[PDB]
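**Q** Have a look at the structure that comes next, please.
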Amino acid sequence: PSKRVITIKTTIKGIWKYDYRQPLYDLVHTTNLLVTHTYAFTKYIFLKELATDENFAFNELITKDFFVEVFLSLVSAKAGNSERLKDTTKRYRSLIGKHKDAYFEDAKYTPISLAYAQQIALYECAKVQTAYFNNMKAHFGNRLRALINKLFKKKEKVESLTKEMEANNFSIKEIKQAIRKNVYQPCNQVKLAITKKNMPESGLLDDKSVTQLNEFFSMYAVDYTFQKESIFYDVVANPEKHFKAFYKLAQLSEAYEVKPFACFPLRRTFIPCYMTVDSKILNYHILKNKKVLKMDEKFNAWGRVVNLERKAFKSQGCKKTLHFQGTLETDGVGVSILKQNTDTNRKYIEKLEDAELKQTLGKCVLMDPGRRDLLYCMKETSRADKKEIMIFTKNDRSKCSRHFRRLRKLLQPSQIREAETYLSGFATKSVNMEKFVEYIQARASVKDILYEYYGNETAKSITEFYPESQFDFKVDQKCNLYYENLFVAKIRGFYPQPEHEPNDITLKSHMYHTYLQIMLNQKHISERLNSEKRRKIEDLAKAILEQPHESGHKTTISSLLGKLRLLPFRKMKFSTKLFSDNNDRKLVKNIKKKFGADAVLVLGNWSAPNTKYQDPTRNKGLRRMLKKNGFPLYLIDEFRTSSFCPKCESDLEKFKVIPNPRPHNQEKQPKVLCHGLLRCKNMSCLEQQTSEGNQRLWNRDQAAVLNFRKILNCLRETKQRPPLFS
Amino acid sequence: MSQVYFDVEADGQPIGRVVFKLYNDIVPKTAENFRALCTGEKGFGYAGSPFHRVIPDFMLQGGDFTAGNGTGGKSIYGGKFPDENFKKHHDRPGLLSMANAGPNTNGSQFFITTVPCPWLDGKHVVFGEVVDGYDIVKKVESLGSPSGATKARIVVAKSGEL
DNA sequence: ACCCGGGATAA
DNA sequence: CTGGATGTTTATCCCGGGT
RNA sequence: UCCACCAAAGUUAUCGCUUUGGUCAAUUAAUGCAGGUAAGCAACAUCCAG
Ligand SMILES: [Zn+2]
């Protein structure tokens, strides 16, 4: 039978026993650093070997075994039998030791004692190898083509030829043909020649380009030939023999001032990341057990730390054939429970057939994907006096994500932002030895503080990031009690009040005590305060009751409570996923209710490319989600669909001038032409009112959906696309 | 007009009883919700709800039987119910009215007025008045503070209807 | 003498 | 913030140390 | 370097338009939906690219 894997998300606090929480937190704090050092150390070794001897075997070292040795080199342990080591293992360890001493001083890192780290190394390094393969497979050919274009000087030749023909006043017809004959076609021939490892015709490239090409080819073996006479296909099929060439390609790109790209994957994020927790890892690192854990006791050991009676852990899927195999991932806050059913032993609407298109009558919904508006849905039965229109805006989905980002950028301590700015000045993606070493030193200079700030959720916090700061409570219109940013609770009985602002200011201090009592009783607030601070806060609260007029007590309380101001970044990350899932289900509910349960969706062919000044949009993942929910979805061409008036097929134009919709660009530009509004030029389109003359006004999305309906009706009647929209 | 009686205990010592009379005919939903909470036949009620906000010479407040800090409370109709009308006004001392956090935010909390409150008209729904035990109301009021925090801990031990 | 951590390799 | 590629473990053997 | 949603008027199917009536969980919470409690379902991590 086939195999599939499903994952269920949850939280540590909900399934993890309190007694075993602290061991897990330390384990993540250790694994995260080791993995990060493994990435940096591995790159450091390669740049040391490649920058000193071009005869290095970098191509042969891309294997899980080498990464495991690198990961273990950072762990101090009692060495076992030495004669049982394989020759490959000895060579890898010797190579690692060749630079181990230098790297530690460069990175200012000390070995960490972590017994039973074999499994952790295997999983983390397996991911490392996967990242290395995927990174090159995705961008090897893409970057090679860019380098070839730069070597051919396509931009320079096009500019020179275009300007030369401008002096001769040649038309676009001649210019676009001369450029094609003299630039594009020769470039294609050069690419074809390079694709087979053979040099291009002499004279097409300058001496420097030819020398660089020879240097690039020297990376490969002289007698080696690309499979199927295609370098691009060979790399995908056999990437094992192109890593060194990929590095040389990156070096050439940097030499030509091209934007640096990360050839060697690196973990730059300081927030802890998810790590696998195998049964053995749980047995040794978490449970602190000191003996072998057999498979039969695997479930018993797991049940000692987590509750297996929860629905999340129990069987799932059709026929309850999916079982939890004692494997999961966690980053200290979130948990991913994996389930598998196997043992651990190792169509466009135009091209639809008659049997389908003719049976969709009365159930087609037209969707126009916009930029600011994610979707503009209109039902085919809509009329002017019957508006079956639905708008799904970008604000609805990005409400939570934008809110978290705003909170993070406001609560960032001055020291943290300065450290981030200083660290960001170094180009990590660069392959230069000097620059990479400088980045390592810069990162290591503030690695401790950054980890402490971002690890405030679980790691002990000893440094206070908000000194000389006074905090006070406040209440909004909805009677929500906010402590600077902390949400305490909603005071449902806050409106009843006497005349505002009594002359006795000291009464405000007494109100602070009431707010403190409303705050210290909150579950999420009490759990974040240690016993000693809570006792001191209570003592200060008692003093405030006896001596409200003294502001020193409030200042001390604010200083003690400054810990709570640290944001739980991991929880925000988990909440972002929940909000996205809720919005996706929210969208499904709206589609089913607003239009119908068995509605058929028609979507445009626009791919929504990512562009500057335009944040991402849902174009590709949306189709997968809609098809997963079971909504019949079909694609329709958008060619000139919004360029004509639905009422009379006349051309449309933009006429209103509006202040720059993007507020940050208002300073740069007062007004810009309207985006989503159009009017019909033809004067006969509208039953115009008297004395002024007028024309029908349309929305860009509204016109598009109306034209989509016209195409749908024409296809249903004759199955031929209208000539106007073809 | 249904009558409501409360037993008030301060610092563990009973201090008296207060009797309220509700304008059920004028404010049906609020009176019904108040009656249900006082009876306690639904497994919950004012039993144990303290007076968390008492301002001397101004007002008494209470009815938080879930948190006892002015943030909790619910209603038989759910989390909140819409308002009904303002046929009654805070024109006399001792009037019993609902404490809320805005339109349609009424819950279980209530407040008792000790002086005329013309400014509160059109904001809070008045649905009752004190008919007996006004001396106990003054006694409870004397224990309040300008900030609303009571000098002593006052809790309604029992509630009922008559 | 006789057994316990801890590492290492392997399918 | 969105899109794309690849995973998602458990036995068996040997020794310095301890007793 | 900014922005929750429903609907009415300007209005003609009228804009990152103006005025209105209404909606609410705010959150640094919770694994989510779902059915009125039990039932049934729900792919996660790493890296890279913009
Ligand atoms: Zn027209």
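Chains as they are written, first to last, in UniProt numbering: chain A, 102 to 447, 464 to 843; chain B, 1 to 162.
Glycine is no exception: its CB is placed at the ideal position from the N, C-alpha and C atoms.
1. CA-CA distance, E809/A and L832/A?
2. Quick one: is the Cβ of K827/A within less than 7 Å of any heavy atom of ligand 1?
3. Take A821/A and list the residues in its own chain whose beta-carbon comes closer than 7 Å to its own, dropping the five residues that flank it on each side.
4. Does the Cβ-Cβ distance between residue 450/A and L353/A come in under 8 Å?
5. Report the residues of the segment 64-76 of chain B with a CB closer than 7 Å to any CB of chain A, ordered along the chain.
6. Using 8 Å as the threshold, is the C-beta distance between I221/A and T326/A below it?
7. Is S767/A near ligand 1, with its Cβ less than 7 Å from a heavy atom?
8. DSSP on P776/A, reduced to helix/strand/coil?
9. Determine which residues share a DSSP beta bridge with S531/A and list them.
10. Below 9 Å on C-beta distance, what does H627/A contact in chain B?
11. Which whole-angstrom value describes the C-beta separation of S177/A and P212/A, a residue pair presumed to lie in contact below a C-beta threshold of 8 Å?
12. For a test of your reading of the model: does the CB of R813/A fall under 7 Å from any non-hydrogen atom of ligand 1? Yes or no.
13. Using the Cβ count rule (16 or more neighbours within 10 Å means buried), how would you classify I249/A?
14. Could you name the residues of the segment 653-668 of chain A whose beta carbon sits closer than 9 Å to any beta carbon of chain B, in the order they occur along the chain?
15. Taking C-beta pairs closer than 8 Å, name the residues in chain B that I608/A reaches, listed in chain order.
16. Could you check if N816/A belongs to the surroundings of ligand 1, using beta carbon to heavy atom distance under 7 Å?
17. I want to check one thing, is the minimum distance from the CB of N799/A to the heavy atoms of ligand 1 below 7 Å?
18. Which two residues bound the contiguous beta strand (DSSP E) that contains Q587/A?
19. First and last residue of the alpha helix (DSSP H) that includes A227/A?
20. To the nearest whole angstrom, what separates the beta carbons of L794/A and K764/A, a pair I think is in contact under 8 Å?
21. Would you decide whether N33/B is buried or exposed? Buried here means 16 or more other CB atoms lie within 10 Å of its CB.
22. Interface residues of chain B around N638/A at Cβ under 7 Å?
23. Measure how close the beta-carbons of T30/B and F127/B come, nearest whole angstrom, since I'm counting them as under 8 Å.
24. Counting along the chain, where does the alpha helix (DSSP H) carrying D698/A start and finish?
25. Tell me whether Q313/A sits in a helix, a strand or coil according to DSSP, three-state version.
26. Out of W403/A, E267/A, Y145/A and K209/A, state which residue places its alpha-carbon closest to the alpha-carbon of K118/A.
27. Pair every Cβ in the segment 528-541 of chain A with every Cβ in the segment 341-348 of chain A, then say whether three or more of these pairs are closer than 8 Å.
28. Could you list which residues in chain A have their beta carbon closer than 7 Å to that of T105/B, in chain order?
29. Can you tell me whether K771/A sits near ligand 1, meaning its C-beta is under 7 Å from at least one heavy atom of the ligand?
30. Return helix, strand or coil for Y357/A, following the three-state DSSP convention.
31. Using three-state DSSP, classify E804/A as helix, strand or coil.
32. Taking the alpha carbon of residue 448/A as the reference point, which residue from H130/A, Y193/A and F825/A has its own alpha carbon closest?
33. Using a Cβ-Cβ distance cut-off of 8 Å, determine whether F20/B contacts chain A.
34. Please check if any C-beta of chain A sits within less than 8 Å of the C-beta of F51/B.
35. Distance cutoff 8 Å, beta carbons only. Does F127/B sit that close to anything in chain A?
36. Helix, strand or coil for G128/B per DSSP?
**A** Taking the definition as stated:
1. The alpha-carbon atoms of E809/A and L832/A are separated by roughly 39 Å.
2. Not a single heavy atom of ligand 1 lies less than 7 Å from the C-beta of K827/A.
3. Answer for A821/A: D485, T758 and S759, listed in chain order.
4. There are no atomic positions for residue 450/A here, as chain A continues from 447 directly to 464.
5. Those residues of the segment 64-76 of chain B that come within reach of chain A (Cβ to Cβ, closer than 7 Å) are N69, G70, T71 and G73.
6. Taking 8 Å as the cut-off, the beta carbon of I221/A is found no closer than this to the beta carbon of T326/A.
7. Flag set: Cβ of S767/A near ligand 1.
8. Of the three classes helix, strand and coil, the one that applies to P776/A here is strand, per DSSP.
9. The partner list for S531/A (beta bridge, DSSP) is empty, contrary to what the question assumes.
10. For a Cβ distance threshold of 9 Å, residue set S145, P146, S147, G148 and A149 of chain B lies close to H627/A, ordered along the chain.
11. Indeed they touch by this definition, with Cβ atoms about 4 Å apart.
12. Yes - ligand 1 has a heavy atom lying nearer than 7 Å to the Cβ of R813/A.
13. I249/A is buried by the Cβ-count criterion.
14. Cβ contacts with chain B: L662 and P665.
15. Those within 8 Å of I608/A in chain B are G70, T71 and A101.
16. The answer is no for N816/A.
17. At least one heavy atom of ligand 1 lies less than 7 Å from the C-beta of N799/A.
18. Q587/A -> no beta strand (DSSP E), and no H or E assigned at all.
19. Start and end: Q219 to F253.
20. That belief does not hold up - the Cβ atoms of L794/A and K764/A are roughly 16 Å apart, past 8 Å.
21. Its Cβ being crowded by 16 or more others within 10 Å, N33/B is buried.
22. In chain order: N69.
23. Going by Cβ atoms, the distance from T30/B to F127/B rounds to 4 Å, so yes, they are a contact pair.
24. That run of the alpha helix (DSSP H) goes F686 to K711.
25. Shown here, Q313/A sits in a helix according to DSSP, grouped into three states.
26. Cα-wise, what sits closest to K118/A is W403/A.
27. With contact defined as three or more Cβ pairs closer than 8 Å, the segment 528-541 of chain A and the segment 341-348 of chain A are not in contact.
28. Those are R609, listed as they occur along chain A.
29. If you check the C-beta of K771/A against ligand 1, you find no heavy atom less than 7 Å away.
30. Looking at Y357/A - three-state DSSP - the assignment turns out to be coil, as it is neither helix nor strand.
31. In this structure, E804/A counts as coil in the three-state DSSP scheme.
32. Residue 448/A cannot be located in this model; chain A continues from 447 straight on to 464.
33. No, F20/B does not count as interfacial toward chain A.
34. With 8 Å as the cut-off, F51/B does not count as an interface residue toward chain A.
35. Taking 8 Å as the CB threshold, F127/B stays off the interface with chain A.
36. Reduced to three states, the DSSP call for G128/B is strand.
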